[PDB]
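There is one chain below, alone, in structure tokens, taken in the form deposited without its partner chain.
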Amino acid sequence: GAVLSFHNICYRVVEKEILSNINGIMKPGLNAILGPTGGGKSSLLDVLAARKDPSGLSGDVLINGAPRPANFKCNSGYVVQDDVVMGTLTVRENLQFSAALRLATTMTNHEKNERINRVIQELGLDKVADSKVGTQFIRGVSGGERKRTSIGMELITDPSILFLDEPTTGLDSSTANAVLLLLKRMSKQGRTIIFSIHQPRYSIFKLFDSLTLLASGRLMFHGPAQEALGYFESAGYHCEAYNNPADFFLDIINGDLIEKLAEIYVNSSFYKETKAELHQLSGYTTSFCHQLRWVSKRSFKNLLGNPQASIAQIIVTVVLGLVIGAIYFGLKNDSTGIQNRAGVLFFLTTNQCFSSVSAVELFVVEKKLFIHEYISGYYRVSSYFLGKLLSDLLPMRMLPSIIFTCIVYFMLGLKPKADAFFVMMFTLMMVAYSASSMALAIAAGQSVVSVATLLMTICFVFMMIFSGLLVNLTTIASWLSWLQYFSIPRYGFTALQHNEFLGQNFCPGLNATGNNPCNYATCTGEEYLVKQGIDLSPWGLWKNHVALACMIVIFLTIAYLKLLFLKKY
């Protein structure tokens, strides 16, 4: 099988050392890593799996007599403590996704289906193959079945070496025993299993083949688990009956010293033998389009399977549209036309902007899953970005603009032409895309959602002040005027005003005989636009969409560069 031999490890993580001097050999079977919570057990596991940065590593990890290959992460499985499976998807769907992106595309779909069937049969999930996994807060298969599902996702590719972080934490005692019996059955086949656990039971402990006890980043013991109790008893720490030996081992460390125990081990017979053995030993699959298609498919299934959020936004949009159509019904070309028109346009623009602060959750929620799957070799950092946008961003943001315009444009009696209807729709869509893109840029590469939401809201109100309606931008002083070019709402609102007010007359029965509206009237739409600082040329309408497009590109590029330089280790 495989023999993962680590020798003289020292990891320095501010320069702290969480693993000091750890050497051992993990032969095939069911190997273990025990110790207190603060001990470097998960850290050692990651070090052996190469899921940790090589910066601090100061030792030689050597598998089956040769240095670790570059494709080790891809050829070896790793199971997370908290399952990352997609609740909205069916078990077989998740297994199909993993098979699609990990296994070679040369394999035909029939062969992959056979492989998935084999794995499902082995884990014993055949009954619940076609059932939704569930969020573990939402209803679905049981927690043990979710854990089995994760194990299967990693088992698709026939891994020789398999790592497991806390396989039994949060599971019930019966479920935990079931999981570990399953792992023992897997190990009898020759697959080397390496895992870390917390507070095991003697029924569990009786199944181990090797034991690695860690405390405060030091090696208290490495050897067969059966002989560990004899070793400690020989050291003088006698054990009482009806006491789980694992608890006794932890108790010795707790003191109910550490360097003394480490030296005792160094003088053991299990250390010189291990030294002799170690001295003897020492001296992308898939194309870009495939990744994009599958990640987009998974995202769309997640969107449909959990429709509570999207449906609510659609409902709110429709209700607001029907209310606004009734309130502003029958806009008139009289003294009060200007106020109502400007007000409705302002409201639509700001509603499109402030409703886009819900895009911060697009990447924040799925951060751990993204990191795990990138390290495991599922996909590139580009395909994830493009697919997630194409699935979760384009349609949701493209809908509200269409709904609003179709509902309100003819109830309100706005311009009766077709050239203007689609300009309005396009303008609103671009505003929404730009605002959502700015949200992604700020919120990308973060795990906390609160701060990003606060920042987004503050920035948007500051932008909204510098829109035309509230301040008359021609009045603002020079040393603060330039801030208006950094406003998303300004461009959209200006475009809508240019589209609507060009041609209207708001003076009933002027008769223009004296030709004098008293110069303080605002009798015509063009006069209002010029007094507001807007340009009546056609370029004045499109120099706003140009800016919105450029802002979209800039923000999306920033978000990509933030995901690409994120720390994934």
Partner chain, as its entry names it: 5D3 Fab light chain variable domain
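Take the two forms, find the largest set of C-alpha atoms that superpose within 1.5 Å, and that set is the rigid core. Shifts are known only where both forms have a C-alpha. Residue numbers count along the first chain shown, from 1.
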Counting only other entries that model residues on either side, is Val14 absent from the coordinates in at least a third? yes
Can you check if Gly305 is missing its coordinates in at least one third of the other PDB entries compared, counting only those that model the residues either side of it? no
Deposited residues missing from the model between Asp419 and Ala420 number none
Looking at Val13 and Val14, the deposited sequence has unmodelled residues in between totalling 10 or more
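Absent from the display: the form deposited with its partner chain bound. The rest refers to it.
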Query raised in the report: Though only this chain appears here, would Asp53 touch its partner chain in the bound PDB entry if you measure heavy atom gaps against 4.5 Å?
Result: no
At 4.5 Å between heavy atoms, is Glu259 in contact with its partner chain in the bound PDB entry? no
- So, in the bound PDB entry, is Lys27 in contact with its partner chain at a 4.5 angstroms heavy atom limit? no
Partner contact for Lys543 in the bound PDB entry: its partner chain, 4.5 angstroms, heavy atom: no
Contact check, 511-525 vs its partner chain in the bound PDB entry, heavy atom within 4.5 Å, ordered by sequence, gives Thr513, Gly514, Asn515, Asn516, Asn519
Only one of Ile403, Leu369, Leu483, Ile138 passes the 2 Å C-alpha shift threshold between this form and the one not shown with the rigid core fixed, namely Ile138
- Would you say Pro67 moves its Cα by 2 Å or more between this form and the one not shown, aligning on the core? no
- Query: Taking the rigid core as reference, does the Cα of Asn519 move 2 Å or more between this form and the one not shown?
  - Reply: no
Checking the C-alpha spacing of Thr513 and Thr522, a student should find that in the bound PDB entry it changes by 3 angstroms or more, with the atoms closer
Output row for the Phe137-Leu155 CA distance, |change| of 3 angstroms or more in the bound PDB entry, reads farther
Per-residue Cα shift of 2 Å or more between this form and the one not shown after core superposition, grouped into runs of 3+, gives 135-139, 308-310, 511-517
